Structures are given as structure tokens and as C-alpha cells.
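Listed below are the residues making up each chain.
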Amino acid sequence: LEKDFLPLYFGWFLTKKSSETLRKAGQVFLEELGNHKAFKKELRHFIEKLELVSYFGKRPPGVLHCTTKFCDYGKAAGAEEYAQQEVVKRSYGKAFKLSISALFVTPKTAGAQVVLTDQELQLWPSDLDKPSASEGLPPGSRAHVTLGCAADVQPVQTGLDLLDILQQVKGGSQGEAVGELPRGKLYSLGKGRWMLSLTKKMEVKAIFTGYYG
Amino acid sequence: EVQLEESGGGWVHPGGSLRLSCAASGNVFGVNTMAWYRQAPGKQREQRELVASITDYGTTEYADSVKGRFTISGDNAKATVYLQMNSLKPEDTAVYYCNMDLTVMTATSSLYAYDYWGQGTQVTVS
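In terms of determination method and resolution, the entry is listed under X-ray crystallography at 2.50 Å.

Per the PDB entry, chain B carries the name Chains: G,C,E,H and comes from Vicugna pacos. The deposited PDB record carries the title "Mouse CNPase catalytic domain with nanobody 7E".

Labelled according to the PDB entry, chain A appears under the name 2',3'-cyclic-nucleotide 3'-phosphodiesterase, originating from Mus musculus. Recorded in UniProt under Function (literature references left out), the annotation for chain A is "Catalyzes the formation of 2'-nucleotide products from 2',3'-cyclic substrates (By similarity). May participate in RNA metabolism in the myelinating cell, CNP is the third most abundant protein in central nervous system myelin." Of the comments in the UniProt record for chain A, the one headed Catalytic activity reads "a nucleoside 2',3'-cyclic phosphate + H2O = a nucleoside 2'-phosphate + H(+)".

What follows is the structure, given as C-alpha cells:
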């Protein structure tokens, strides 16, 4: 853990293979959504042929990851406490398996929903789970893997858009499957949100460690 | 401890094509960016100009001088990049160096982003 020299943030970082399984899966999704009749209808609710791939190709270059605690080398609030935790120290470099339950896209971000296990939640902080919809959403609902971003969109947006998506998905206001994609059921949630509920949970290998950049 | 290894390059008459590749050997955890710079005959290395770039996401940036003639490819899984050059001009003569912003895992499992350079590949157009 380097009890002294802290990273920019902790989190689960996907291996080279899992990273492309998810990365390429997220591309074909954006390729299907952009060519799907449902999405084409409500396009004015989302903005030529708007190729979603290029639209979401602004993510900061780097390895796909599910962040836990942003530390800023200890300058971020709570960083020192999180790193000094025994579970965090005893998990550095340990490999975990992250479950991807669904893909999603909004006018701002395009990400993947992560369903953390009981032990993975031991590393989930208790500050990154109380924005606006986290009240009534369970702990760890913000867990995600950012796959894409619009022009001026910070990756932190992806977690909030997920909570926005889940807040409606819980309220039964997602509606009915507007279509069945090869991977799962497409759902139109209005206000630009979309979800590909994966019929089969995508399993991705990931290592919990710190990133210094 | 990664090593960048170029390939391709040669002597071509104006209007030909070569495919410059560049793999990465070692303990690379992931690729963040892959690019191709070039240094013309005479230049000093301080004047290495960007020729083509590619991101993990697949976003490409090119130089107008080559945009439409060259085409950068990629493969994050094998840490390999390609630069298929088309309709080559004499002004394209240079040594094409391979750049790679990569994430690498230290022994303590920590992750860092490193910038690696390649030795070079000779490209001649005449």
C-alpha cells in the first residue's frame, strides 16, 4: 500500500484481456444503440448520422477501472484513513472479479454497472455513495466502469448518471423493453438514458491497487 | 521493464506503401496511448513531429500532411500498433519512432504510467 506515499486513487483495474472484452463489448453496444429504431426516434432527446462511438470517444486515455477512493496522494479528504484500513492494506495487489450486470449510455457518459460482492464492498468507501439519488439506493450502486465520455465530461459523471439510471429503474419507470439486443434487453428510460440489461452477467478480471499516473 | 520493437521500413519509390509495426515486450499492464513520431534526414531528435496517434478507445489523430495517406491501427491486447502508409511522397523520408504511454505494475502491485520510445525504423522515398 506504501504507508506514506499514496496514489492518485485506489480501485479495481481490469487486466489487458478483460479490459478489451468490456471495451469491445461497449463499442458494439454503442454501434447497435445508434442503429436501433428506438434510439433513432428519441434522438432529439439526446442532443447527421450521430455515430455514438465518436461521440463518446473523449474518455481520458487509460486502463478501464472501477474507482473506489480518490486520494490525490493523500490531499483528498479521508484518503489517509482509507489507505490505513486493514482490508485495504491486505488487499493491495490482490485480484478480484467484478460483475458487469448491464451497459448504459446517456447524453454525457457511457459506462458499465458493477455489482460488487460482499467482500468487494469491504473496500468500497462510505463517501462516494451519497450524491442525490443515493438516498434510497443501496450502498455501492455508484460502482461502475466508465467506457466513454462526451466532450466536456469528467469521468466522475459516469457514476452519477448510473445512480440517475438506477433511480428510475427502481421506480418501475424504465418502461418496457424497447427491443432485444443480442446481449440483452434494451430499455428506454427517457431524458436520454438507455440500458442494455445483460441476459448474462459479464465477468471481468480486475486487480485492486493504487494508480499514481 | 518494457521494450518497444519496431518493424517494417525500407526503400520505396514515390507512390508505394509500407506498414510500420511496433510491439511492446515485457510486463505491460495496459496501453493508454500509441503514437508514431518521425525525424527527417538532418533533424536532431528535438524536431520529432507527430505522425499518427491512437488511444485505447480507438480515437485517432493525424497530421494534415499525412491525413488521408496514412492510417494508424492498433491492438491493445497485444500492445501492438501499426502505421500503414499509402501514396508515399519524398518529403515523407524519415526515421519513424514508436511512442507508447503504458500502464506498468511495479513489484508492490502499484500501477504507474510510463512513456517508452523505440529505436527507430528507416523509411526512404525515392
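Give a detailed account of the state of the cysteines, specifying residues and quantitative values.
Summed over the entire model, instances satisfying the criterion amount to one disulfide over all chains. In this model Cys22(B) forms its disulfide with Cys98(B); the gap between the sulfur atoms is 2.0 Å. Across the S-S bond linking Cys22(B) and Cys98(B), the dihedral sits near -85 degrees, which makes this disulfide left-handed. One end of the pair, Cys22(B), is in strand 3 (residues 18-26); the other, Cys98(B), is in strand 9 (residues 94-105), and 76 residues separate them in sequence. Among the residues examined, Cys22(B) registers a relative accessible area of 0% and is labelled buried. Exposure remark for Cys98(B): the relative accessible area of 0% places this residue in the buried category. Here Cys66(A) stays free of any disulfide, with the sulfur of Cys71(A) as its closest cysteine sulfur at 14 Å. With no disulfide of its own, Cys149(A) lies 14 Å from the sulfur of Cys66(A), the closest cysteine sulfur. In this structure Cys149(A) comes out as buried when scored by relative accessible area, which is 0%.

Would you mind going over the pattern of salt bridges in detail, with residue names and values included?
Under the counting rule described, the total for this entry stands at eight salt bridges over all chains. When the shortest N-O distance is used, the salt bridge between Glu20(A) and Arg23(A) registers 3.0 Å. Pair noted here: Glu20(A) and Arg23(A) are both in helix 1 (residues 16-34), with a separation of three residues, about one helical turn. On the accessibility criterion, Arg23(A) (7% relative accessible area) is buried. Salt-bridge contacts for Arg193(A) lead to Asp164(A); the nearest nitrogen and oxygen are separated by 3.0 Å. Linking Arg193(A) in strand 8 (residues 193-211) with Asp164(A) in helix 7 (residues 156-170), this pair joins segments that are 29 residues apart in sequence. Note on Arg193(A): relative accessible area 2%, which makes it buried. Through salt bridges with shared partners, a single ionic network connects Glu20(A), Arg23(A), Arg59(A) and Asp56(B).

How would you explain helix 1 of chain A if you had to name every residue and give the values?
For helix 1 of chain A, built from 19 residues, the straight-helix expectation of 27 Å at 1.5 Å per residue is met to within 8% by its first-to-last C-alpha distance of 27 Å. Buried within helix 1 of chain A we find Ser18(A), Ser19(A), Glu20(A), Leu22(A), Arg23(A), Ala25(A), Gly26(A), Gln27(A), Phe29(A), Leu30(A), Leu33(A) and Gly34(A).

Any details on empty space enclosed by the protein? Residues and values, ideally.
The volume enclosed by the largest cavity comes to roughly 70 Å³. Mapped onto the lining of the largest cavity, the elements with two or more residues apiece are helix 1 of chain A together with strand 4 (28-39) of chain B. With four residues, the single largest contributor to the lining of the largest cavity is helix 1 of chain A. Residues of the lining of the largest cavity, tallied by class, amount to four nonpolar, five polar and three charged.

Describe the UniProt feature "active site" in chain A, and please don't skip the residues or the numbers.
All names here are of chain A. Mapped onto the present numbering, the UniProt feature "active site" falls at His65 and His144. In three dimensions, the annotated residues from a span of 80 residues occupy one location, with a maximal C-alpha spread of 8.2 Å. Lining the largest pocket, out of the annotated residues just given, are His65 and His144. Topologically, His65 is positioned in strand 2 (residues 65-70).

So what's going on with the UniProt feature "binding site: substrate" in chain A? Residues and values would help.
Residue and element names in this part refer to chain A. As recorded in UniProt, the sites labelled "binding site: substrate" are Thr67 and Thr146. Here the side chain of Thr67 touches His65 through a polar contact of 3.3 Å, side chain to side chain. Here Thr146 shows up in strand 5 (residues 144-149). Setting aside residues no more than four positions away along its own chain, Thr146 makes contact with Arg59, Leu64, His65, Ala110, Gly111, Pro155 and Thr158.

Tell me about the layout of surface pockets, residues and numbers included.
All names here are of chain A. Volume-wise, the largest pocket comes out at about 400 Å³. What lines the largest pocket is a set of 18 residues, and nearest its centre among them are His65, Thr67, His144, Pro155 and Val156. Elements that contribute at least two residues to the lining of the largest pocket include exactly strand 2 and strand 5. The dominant element in the lining of the largest pocket, judged by the number of residues it contributes, is strand 2, at three residues. Counted by class, the lining of the largest pocket contains eleven nonpolar, five polar and two charged residues.

Quick notes on the rules
- Residues numbered from 1 in each chain as written, not as in the entry; some residues may be left out.
- Chains lettered and ligands numbered in written order.
- Heavy atoms only, no water.
- UniProt positions renumbered as here; feature names shortened; annotations may be inferred.
- Disulfide = S-S within 2.5 Å.
- Helix = DSSP H or I, 4+ residues; strand = E, 2+ residues; numbered from the N terminus.
- Buried < 20%, exposed > 50% of the residue type's maximum accessible area, 1.4 Å probe, protein only.
- Salt bridge = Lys/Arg side-chain N within 4 Å of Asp/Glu carboxyl O.
- Expected span 1.5 Å × (residues − 1).
- 1 Å grid on protein atoms, 1.4 Å probe; cavity = no way out; pocket = protein on both sides within 12 Å on 5 of 7 lines; lining within 4 Å.
- Points joined across faces, edges and corners; volume = space filled by probe spheres on them.
- Nonpolar A, V, L, I, M, F, W, Y, C, P; charged D, E, K, R; others polar.
- Polar contact = N/O pair within 3.5 Å; in protein donor to acceptor, adjacent residues only side chain to side chain.
- Contact = heavy atoms within 4.5 Å.

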